[PDB]
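To start, the structure itself, in structure tokens.
Bear in mind these aren't lab numbers, they're just calculated from the coordinates by the rules spelled out. Ideal geometry is used to build each Cβ from the backbone, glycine not excepted, and the neighbour counts take in all protein chains shown.
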Amino acid sequence: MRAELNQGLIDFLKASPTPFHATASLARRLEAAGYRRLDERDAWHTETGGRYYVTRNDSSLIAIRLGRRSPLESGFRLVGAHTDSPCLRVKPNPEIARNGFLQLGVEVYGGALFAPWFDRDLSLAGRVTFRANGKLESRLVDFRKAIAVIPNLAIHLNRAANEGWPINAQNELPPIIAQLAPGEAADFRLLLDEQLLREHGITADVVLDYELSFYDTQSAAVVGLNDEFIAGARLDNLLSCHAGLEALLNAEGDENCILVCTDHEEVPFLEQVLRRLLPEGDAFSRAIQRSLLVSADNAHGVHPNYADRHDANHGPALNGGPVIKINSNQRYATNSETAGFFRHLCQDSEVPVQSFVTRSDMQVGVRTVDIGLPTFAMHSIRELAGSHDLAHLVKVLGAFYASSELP
Amino acid sequence: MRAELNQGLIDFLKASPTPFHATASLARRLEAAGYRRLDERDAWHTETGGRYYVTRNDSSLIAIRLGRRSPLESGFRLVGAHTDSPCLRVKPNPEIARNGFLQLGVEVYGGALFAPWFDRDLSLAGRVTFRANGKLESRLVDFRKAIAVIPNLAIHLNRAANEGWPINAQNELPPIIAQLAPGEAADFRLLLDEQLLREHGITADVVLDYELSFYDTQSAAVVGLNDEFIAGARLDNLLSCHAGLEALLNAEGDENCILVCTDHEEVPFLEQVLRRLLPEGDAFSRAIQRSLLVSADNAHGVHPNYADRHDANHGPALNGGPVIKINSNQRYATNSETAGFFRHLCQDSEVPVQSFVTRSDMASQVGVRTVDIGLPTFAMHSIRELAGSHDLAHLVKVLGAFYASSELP
Amino acid sequence: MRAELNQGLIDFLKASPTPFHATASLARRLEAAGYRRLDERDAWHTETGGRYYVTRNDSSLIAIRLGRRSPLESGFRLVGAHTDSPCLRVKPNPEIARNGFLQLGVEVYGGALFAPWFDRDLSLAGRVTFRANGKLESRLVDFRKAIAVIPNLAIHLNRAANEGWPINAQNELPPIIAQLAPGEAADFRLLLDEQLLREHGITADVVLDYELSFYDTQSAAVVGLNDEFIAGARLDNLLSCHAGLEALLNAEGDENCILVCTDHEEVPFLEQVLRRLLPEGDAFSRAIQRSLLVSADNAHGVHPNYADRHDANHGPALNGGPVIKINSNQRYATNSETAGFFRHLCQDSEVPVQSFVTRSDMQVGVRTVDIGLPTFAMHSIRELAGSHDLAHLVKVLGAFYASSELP
Ligand SMILES: [Co+2]
Ligand SMILES: [Co+2]
Ligand SMILES: [Co+2]
Ligand SMILES: [Co+2]
Ligand SMILES: [Co+2]
Ligand SMILES: [Co+2]
């Protein structure tokens, strides 16, 4: 499955600098495959089998592939991922004007590593809400061009730099985007208004608020002497989003399938959607108890320069295939029946499979196995995974999507 | 008018991932412009009006533009830059095999900022020395392709990462280039040999040693909402090398002109070369006292997230022109005469000029008077530094006015 | 307006020293306004145009305005606030007898500031559960009188008192209520029986258990040279409770409206009440997705003596109007659409509006905007707010309640 798959990933990451864009990319692909969009606000006709997707807040998406069999007999085959990643968001009154520069004050979304955000050609994307012709409207904008940089302080002026210092997100992370007069006027909402005309043709009476993420304009790429790796932003968790979608779109059979890609993992929807798919009563409970959730989120590869952060018996290899993640304290829902099932699936697909627990010194109600492709450096602005692993994961999710029996 | 310089700089940086490659790029352009190479091993016949360059270790270059009058009478105009930048160099027995990976051990060259080298698509380039059927060869290689990465450790396994930790070069900086295990012979010198075949159609008997730097494969680029900035590796100090060379090739007037770009600044050539110009005896000392060296190396612009690392009266602006660097404890050789001269020179060429002095709580065995100047930058010694998209034009104009200058102090 | 609104607030705080008392004060206001209590054990018949309220544990209240067009088309407009505040609670067996004094052991409720509770004329109020003719009753009591003091230790005996010491809640916070003889014997439940007789004309067989809060007997008050401020206990969050009830009672139009004042916010109901207001499980998601929750809870005004605790670009000003609270990491669920709407709603209702974000180094599935009035000294026994802001908040909350169209 190539190469083609790895190229599909790179394009998908490119089109998705935010959870909003991620969602839009998933939906345009779902639509090209003939899934019809449902609006939660409207009444649903619903025809049995039955290809649908629904969004919430333009940043969460559920894909529903209804099969021949009653979900009360066959249960659901659910794959879960998330559409968000740690990053830096623009503040509501962002303009900072000092030493000739115009900067934008940012907050740190999620458990982001600060250091890798320095010295990158960053751009800006996300959702803008504005008033046009009286009505409230929302669009996505993506500046595409590299408009921003968080420069490092020179080592000459910070000689114990490599000894480590607590990077202060308030002081040290606002990006520079331009130079000002001064005195010159600076209106970031005016800049967004320009970007609305430019990107959308819309003229806008005033710009109200926004959810804008800086991101790396350097694309994901295949790296390594023998091309054994993929480097890029947002692998956690768009690698899983892409994988599950590719598995859903190419799945054999007529099983009841769901793809759930939710927002804010990194900080109800599925339940309300499912309760609408089912004639209420014991139907919900009977379908869900026959179901299985494969929760796909990146795993930690044992890192060669940091090998002792891992249990020696449980250090996943990049390109060694999907990792089954166990944690007895319910950090992962995986148990012997869901783990045993997934393990059996990989064997029948001839896909290699690994295990991970952490070092011991470190709500729908569905059965769940937690898996993930091994990865280095989450959540940096540029994470690392293996170039063989996407084909592995797509193979077994596709096998799972086509599985008649579940535990 | 300004954008071709910047385009040329981006091209120059791309072709120069190492000091060896920068010297090669500089030399290629000089030859295209009519400068001819002198070998230091050989006798020189230098006629006036002549255009020469000189090379040492394939990583230092001196470019000579001999003028109408003897340098004994009218002096030298000298611009200095350097061809090296902090980076990671491959060790001589580099193969590290563990957890299924192949890695290359690296030493840190210069005062590199470690953290920015993480999570970068790295490639490998430099000089390779080998024995071929059966003589001693040196060639330059550039894998071009992204072959290596130094991944960060996940924050889940280093939760107090943003509080800082002392990054250990021996431990945390060896890059991953491939996967091994279940076997398997890993021999780096053999990989170099395939790279010799692939790049030069050359095969080798045995590869002996090599000087190879890892570099960022992401090109330099113009950035900012109004394109005010240039980002890239090696702005320290290929920015000045470019600037100096553009200015040398296009400067008007006669006048004796010198471009000196030396290696190992980040850690005798010039003096020996200048002496082989001019007659024996007192000719040298007399020429040098009528001479002036503009040492061009990047300055620090005042950083708006770190503004108090600067003196509030001496905070250079990106795109505010060349900076005169003063340190009366001779960290810079600038004195009031050479600073005065350069200031006069900028004012005549309509080029804006700034001053820098360090916060007070923080050549030349030739004996040439010197002014130290630089274009203001951020993130000096990072894998990716920042500079003004306007400053290069500013610098080339004033160096051009310097090379054309009739009089010196 | 304003002076009358502020007097109403003051009276409300006085009437409400506990969650139980806040709920009772809300309940008797609504009933005066014609709202009829719905018992959760009963079956409900709700007509259009209905005005209802329902309580739980006598300390949470949900008031409901049913309009004419169905929640399936128009959704609900919901205002959220909470009934509780940080304070000190009497323990089950509280009598401490030492040094001639009677004291009551107290546990610290919520994230209270300890120092301000010292040297205050405290009283005691809350719920008493007792047995009367073997029947088992609960009544509210309010001693009203200043019956307790937690005195500071004199600076002469604690000379570095101004250097700060860790205040130990178990040791330094039990208040003094009386003096005791040599061996005089004290029974707190006996004093509670006398208060039952005193306040309700009731004798108890035996007093069983209780939930009693100490509170300051100093009334809320307008303060400042130009009367720009209001000072009082429990401004977090009875300020919002009061503002929401005014807004609900005076709201024009006939749209579907909810006021949610819950208990225990400072350490299920809403969903269960909403589900009983509309048929299927398809109707729930449809109506909730068309709804909007303005979650109203005090924000932090930038304090002139601690101004560096705020972001310089996001320092809300007392009497500056409601504050839209923002946090990408969902400490506040505000997004660009619900912020846009609220900002619009303020600007075309002529109320000034402010944004808040923290310094970067510091459910039922409904869209939400977190907003609050700017406040000083939050979780102290005596908090500070603007004497102009309550009028602002009531104005825009009413504007909200009369909004036909929601994001
Ligand atoms: Co994840
Ligand atoms: Co993550
Ligand atoms: Co330098
Ligand atoms: Co340097
Ligand atoms: Co509160
Ligand atoms: Co509170």
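Taken along the Cα-to-beta-carbon direction at a fixed 7 Å, the label points for C:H264 and C:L113 span 2.8 nm. In terms of surrounding Cβ atoms within a 10 Å radius of their Cβ, A:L239, A:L30 rank from fewest to most as A:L30, A:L239. The Cβ shell under 13 Å around C:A146 holds other residues with a net charge of -1, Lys and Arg each +1, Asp and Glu each -1. Local charge for B:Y332 was computed over the other residues whose Cβ lies under 10 Å away, with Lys and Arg +1 and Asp and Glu -1, and equals 0. Shown here is the pair-distance distribution of chain C: with all Cα-Cα distances grouped in 20 Å bins from zero up to the longest one, the shares run 25, 53, 20, 1 percent.
Normalised by residue count, the range B:218-310 yields a Cα convex hull volume of 189 Å³ per residue. Evaluating kT/(6 pi eta Rh) at 37 °C and 0.692 mPa s, with the Kirkwood radius of the range B:296-409 over Cα pairs in the Stokes-Einstein relation, gives 224 µm² s⁻¹.
A simple count of charges around A:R77, restricted to other residues whose Cβ falls under 14 Å of its Cβ and scoring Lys, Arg +1 and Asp, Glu -1, yields 0. In angstrom, the C-alpha Rg and Dmax of the range B:1-73 are 14.4, 42.
Using 0.36 nm per residue and subtracting the Cα-Cα separation, the extra length available between C:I155 and C:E4 on full extension is 50.1 nm. The share of C-alpha pairs in the range B:86-218 whose separation exceeds 22 Å stands at 41 percent.
Pairs of Cα atoms nearer than 8 Å and 6+ residues apart set the relative contact order; for the range A:86-218 it is 38 percent.
Taking amide H positions as modeled 1.01 Å from N, with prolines and chain starts lacking one, the residues under 5 Å from C:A132 and 5 or more places away or on another chain are C:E137, C:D205.
Going from the residue with the fewest nearby Cβ atoms within 10 Å to the one with the most, A:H45, A:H200, A:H310 rank A:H45, A:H200, A:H310. Loop-located GluC sites (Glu not before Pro) across the range A:79-188 with a Cβ neighbour count of 11 or fewer within 10 Å are A:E184, with loop assigned by DSSP. For the pair the range B:119-144 / the range C:340-383, the C-alpha centres are spaced 62 Å from each other.
When A:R28, A:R127, B:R127 are arranged by Cβ crowding within 10 Å, least crowded first, meaning fewest neighbours, the order is A:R28, B:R127, A:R127.
Shape class of the range C:204-251 from the Cα gyration tensor (axes a ≥ b ≥ c, square roots of the eigenvalues): oblate, since a/c reaches 1.5 or more and a/b does not exceed b/c. Both radii are taken from the alpha-carbon atoms of the range C:74-133; with Rh as the Kirkwood radius, Rg/Rh is 1.15. A simple spin-label model places the labels of A:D11 and A:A43 4.0 nm from each other, with each point 7 Å out along Cα-to-Cβ. Using Cα-only point scatterers and the Debye equation, what is log10 of I(q)/I(0) for the protein assembly as shown at each q in 0.05, 0.06, 0.08 Å⁻¹, rounded to two decimals? At q = 0.05, 0.06, 0.08 Å⁻¹ the computed log10 ratios are -0.46, -0.65, -1.03. Would you kindly calculate the translational diffusion coefficient of the range C:146-205, applying Stokes-Einstein with the Kirkwood radius from alpha carbon pairs, for 20 °C and a viscosity of 1.002 mPa s, and quote it in µm² s⁻¹ without decimals? Using the Kirkwood radius from Cα pairs, D works out to 144 µm²/s. Using the rule -39500 (n - 2.57) for each DSSP H run of four or more residues, divided by the residues of chain C, the 222 nm mean residue ellipticity is -7500 deg cm²/dmol.
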